[PDB]
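Heads up: the sequence lines are chains A, B and C, in that order. Going left to right, the first sequence walks through residues 86 to 319 as this note's numbering numbers them. Going left to right, the second sequence walks through residues 9 to 211 as this note's numbering numbers them. Going left to right, the third sequence walks through residues 6 to 213 as this note's numbering numbers them. Yeah, the Cβ is synthetic: ideal placement off N, Cα and C, and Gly gets one too. Step one of this worksheet: look at the structure below.
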Amino acid sequence: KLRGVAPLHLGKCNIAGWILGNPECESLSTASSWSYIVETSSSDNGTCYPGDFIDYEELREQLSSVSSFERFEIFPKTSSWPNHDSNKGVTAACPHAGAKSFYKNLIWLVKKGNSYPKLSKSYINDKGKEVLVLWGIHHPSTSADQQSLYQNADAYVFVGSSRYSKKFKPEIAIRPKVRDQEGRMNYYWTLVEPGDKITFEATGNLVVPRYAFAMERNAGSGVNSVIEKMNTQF
Amino acid sequence: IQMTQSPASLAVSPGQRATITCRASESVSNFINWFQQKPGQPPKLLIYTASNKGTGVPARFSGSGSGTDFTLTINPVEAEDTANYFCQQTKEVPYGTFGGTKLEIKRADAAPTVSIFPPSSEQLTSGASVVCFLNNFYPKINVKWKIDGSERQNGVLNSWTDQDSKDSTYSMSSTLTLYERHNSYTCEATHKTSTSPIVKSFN
Amino acid sequence: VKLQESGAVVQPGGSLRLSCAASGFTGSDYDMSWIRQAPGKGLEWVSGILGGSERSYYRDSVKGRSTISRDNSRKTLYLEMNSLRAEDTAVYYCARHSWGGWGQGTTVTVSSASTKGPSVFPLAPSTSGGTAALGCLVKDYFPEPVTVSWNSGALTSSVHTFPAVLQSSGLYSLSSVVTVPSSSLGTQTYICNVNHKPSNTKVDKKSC
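See below:
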């Protein structure tokens with residue numbers, strides 16, 4: 086009957102949608118820890134900008150045994166992005182009541198004034214914690230859409246640290262319009278151990294992190310005197 | 009820019025609880041907060057992360073709230089609290105504060121304890137000014153100046169105030185004058201009182 | 006754990022640089038900040054930079070204008086202000102911030118108004134009080150700060166009326182009181198330090 090009693094049941098988003106910064110979000114426990122998650126699946130809604138969440142089931146586990154949890158501002162939207170325009174990054178996928186907003190934890194980045202200089206950025210864990218950063222990568226529909234946004238024809242997106250490394254390229258093509266979006270937000274995550282710096286190196290197509298997260302874990306995840314020691318608990 | 013702002017500005021007595029609030033424009037909580045500012049010196053930290061007393065802060069001070077709504081509380085009020093109090097550091101965003109809230113305490117003194125001083129040896133070269141200190145009185149007062157009198161109000165921008173740690177106290181007020189006229193100069197403090205007078209020039 | 010700043014008046018359009026000098030170690034890892042309490046209330050965070058990687062943040066109302074920087078070696082940091090302006094007049098605090106301390110602050114005035122030494126007339130003190138209350142009047146100076154000292158032990162019961170701009174386009178005046186025992190005056194000598202930070206201009210007036 087009961088395998089149950091599990092902490093943090095989502096009311097609104099789903100793991101993906103919520104931990105992403107979808108605007109449908111904002112419920113339930115400003116911060117915490119828990120045994121494992123629960124989801125009203127928003128599937129037909131999900132993550133407002135369409136695309137693929139890679140290593141989703143690797144992570145869904147990775148967010149189970151969590152003890153420490155803190156969302157920190159990894160780099161401000163503000164002072165992090167001097168050479169490219171920061172708020173053009175809104176789209177009609179994710180409106181905040183009235184106007185069309187974007188995801189919370191992410192900056193969707195675009196050329197300021199006909200320019201996209203090479204984007205260089207890093208981050209360094211002073212924690213004894215394991216910091217988890219999420220970003221995304223956008224492949225416009227059309228070469229005009231590419232150029233309207235990022236200005237850089239051949240645009241590569243590298244990454245940083247050690248545990249994880251990779252390199253991405255955008256695909257400019259027309260998918261079926263979902264929320265009038267013929268493009269794609271692909272989403273991703275990594276885990277920065279207390280010691281390593283995750284680097285981001287971009288000529289474009291990169292949707293930057295702003296808030297990040299911090300956590301921890303364990304294996305097994307989702308006559309009178311003698312009496313004076315009681316029994317046990319916790 | 010993510011506004012977080014405190015209520016009113018309001019008074020109290022040494023005896024009992026002071027009560028302050030801060031409304032985030034949205035949810036928030038790595039930092040240096042404030043909690044305090046004396047009327048003219050550097051801001052200190054009473055409560056940090058909204059529940060947590062900055063170690064070494066007199067216990068009377070206490071933090072509270074939920075995301076978007078927050079409260080700071082000093083239970084017995086002492087002469088020092090006073091100050092000005094600014095809920096600070098939206099902790100992650102452009103990092104904001106607000107004005108703060110007032111907080112003076114209760115005394116009731118009617119006794120400004122007036123002191124005249126006339127112009128001086130040194131003020132000759134330039135020009136003459138007379139100065140009245142009305143001190144350690146509660147709460148805030150009219151300094152009625154007299155050389156002679158009316159046919160208009162009296163002019164010459166003057167007066168000053170502070171508030172306080174220890175009571176409310178001093179005002180200090182000076183009559184901007186050129187030479188001129190009659191030898192009789194009286195600052196007279198009008199307050200809740202029978203109006204205690206001080207007068208002029210003989211010596 | 007302490008902090009150290011340096012600053013003054015400046016012509017509007019002119020540029021100015023502020024400093025902070027740290028002890029309490031940790032000038033490399035730990036980031037640090039400037040933030041200003043403006044007049045009219047007290048107010049606002051103007052800046053900061055981190056530990057290694059030496060990143061630079063500020064808000065939009067400055068951005069291109071003000072620059073922050075660190076030197077781990079000389080343990081100091083310097084806030085660069087440029088194209089100073091009305092609202093830029095405000096009293097600046099270097100600061101540290103902890104994860105897991107507030108400096109003296111220093112006064113920038115954005116003005117072309119000439120720094121002018123104050124002059125000080127002793128207000129000499131009527132029937133017998135049994136307490137003698139002594140003023141020292143400070144008039145016609147610019148800009149602030151100013152610090153009136155009766156010099157230590159006496160500054161108990163010493164009060165500095167907040168100064169107001171002399172109605173003339175600006176210029177200032179301040180007074181202060183020391184309220185004293187009547188067997189002290191005329192007898193025990195009594196004199197005030199009026200000290201204007203910017204101009205040099207240290208001074209002493211023995212009340213008479």
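{"query": "Would you list, in chain order, the members of the region 44-71 of chain C that have their beta-carbon closer than 8 Å to a beta-carbon of chain A?", "result": "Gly56, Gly57, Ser58, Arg60, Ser61, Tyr62, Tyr63, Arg64 and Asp65"}
{"query": "Taking contact to mean at least 3 C-beta pairs separated by less than 8 Å, is the region 211-228 of chain A in contact with the region 305-313 of chain A?", "result": "no"}
{"query": "Give, in chain order, every unbroken run of the alpha helix (DSSP H) that is at least 4 residues long and sits entirely within the region 199-275 of chain A.", "result": "228-234"}
{"query": "Go to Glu146 (chain A), then tell me how far its alpha helix (DSSP H) extends in each direction, as first and last residue.", "result": "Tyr141 to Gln147"}
{"query": "With respect to the alpha helix (DSSP H) encompassing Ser165 (chain A), which residues constitute its N-terminal and C-terminal limits?", "result": "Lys162 to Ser165"}
{"query": "So does the region 173-185 of chain C actually touch the region 165-184 of chain B, counting three or more Cβ pairs closer than 8 Å?", "result": "yes"}
{"query": "Which value, in whole angstroms, describes the spacing of the CA atoms of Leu23 (chain C) and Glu85 (chain C)?", "result": "6 Å"}
{"query": "With a threshold of 6 Å on Cβ separation, who are the neighbours of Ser212 (chain C) within its own chain once the five nearest residues in sequence on each side are excluded?", "result": "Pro127, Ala129, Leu139 and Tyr195"}
{"query": "Inspect the beta-carbon positions of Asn199 (chain A) and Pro255 (chain A) and report whether they are closer than 8 Å.", "result": "no"}
{"query": "Can you give me, in chain order, the residues of the region 100-114 of chain C that have a beta carbon less than 9 Å from any beta carbon in chain B?", "result": "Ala100, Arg101, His102, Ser103, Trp104, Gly105, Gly106, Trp107, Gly108, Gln109 and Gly110"}
{"query": "Does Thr105 (chain B) come within less than 8 Å of chain C when only Cβ atoms are used?", "result": "yes"}
{"query": "Is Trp103 (chain A) helix, strand or coil when you go by DSSP?", "result": "helix"}
{"query": "With 8 Å as the threshold, decide whether the Cβ of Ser247 (chain A) is near any Cβ in chain C.", "result": "no"}
{"query": "Starting from the C-beta of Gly122 (chain C), find all residues in its chain whose C-beta is less than 7 Å away, skip the five residues before and the five after it, and write them out in chain order.", "result": "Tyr146, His201, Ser204 and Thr206"}
{"query": "Whole-angstrom Cβ separation of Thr98 (chain B) and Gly107 (chain B), contact assumed at under 8 Å?", "result": "Not confirmed; about 15 Å, so no contact."}
{"query": "By the 10 Å Cβ neighbour count, where 16 or more other Cβ atoms means buried, how is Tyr193 (chain B) classified, buried or exposed?", "result": "buried"}
{"query": "Hey, does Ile209 (chain A) have any beta-carbon neighbour from chain C nearer than 8 Å?", "result": "yes"}
{"query": "Do the CB positions of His199 (chain B) and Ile124 (chain B) come within less than 8 Å of each other?", "result": "no"}
{"query": "So what does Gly53 (chain C) bridge to, in DSSP terms?", "result": "C:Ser38 and C:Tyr62"}
{"query": "Determine the extent of the beta strand (DSSP E) in which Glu155 (chain A) is found, giving its start and end residues.", "result": "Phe154 to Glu158"}
{"query": "Would you kindly check if the distance between the Cβ of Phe39 (chain B) and the Cβ of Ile55 (chain B) is under 8 Å?", "result": "no"}
{"query": "Using the rule of at least 16 other Cβ atoms within 10 Å of the residue's Cβ for burial, across every protein chain shown, is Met315 (chain A) buried or exposed?", "result": "exposed"}
{"query": "Take every Cβ of the region 24-33 of chain B, pair it with every Cβ of the region 72-79 of chain B, and state whether three or more of those distances are shorter than 8 Å.", "result": "yes"}
{"query": "Under the three-state reduction of DSSP, which class applies to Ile312 (chain A): helix, strand or coil?", "result": "helix"}
{"query": "Which chain B residues sit within Cβ distance under 7 Å of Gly140 (chain C)?", "result": "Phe125, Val139 and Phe141"}
{"query": "Could you list which residues in chain C have their beta carbon closer than 8 Å to that of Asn83 (chain B), in chain order?", "result": "Within 8 Å Cβ-Cβ: nothing; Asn83 (chain B) doesn't reach chain C, min ~25 Å."}
{"query": "Cβ of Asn38 (chain B) less than 8 Å from any chain A Cβ?", "result": "yes"}
{"query": "Using a Cβ cut-off of 8 Å, which residues of the region 62-82 of chain B contact any Cβ in chain A, in chain order?", "result": "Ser74 and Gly75"}
{"query": "Are at least three pairs of beta-carbons, each pair with one atom in the region 125-144 of chain A and one in the region 263-280 of chain A, less than 8 Å apart?", "result": "yes"}
{"query": "Applying the criterion that 16 or more other CB atoms from any shown protein chain within 10 Å of the CB defines a buried residue, is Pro84 (chain B) buried or exposed?", "result": "exposed"}
{"query": "Run through the region 114-174 of chain B for me and flag every whole beta strand (DSSP E) of 3 or more residues, listed as ranges in chain order.", "result": "123-125, 139-142 and 150-154"}
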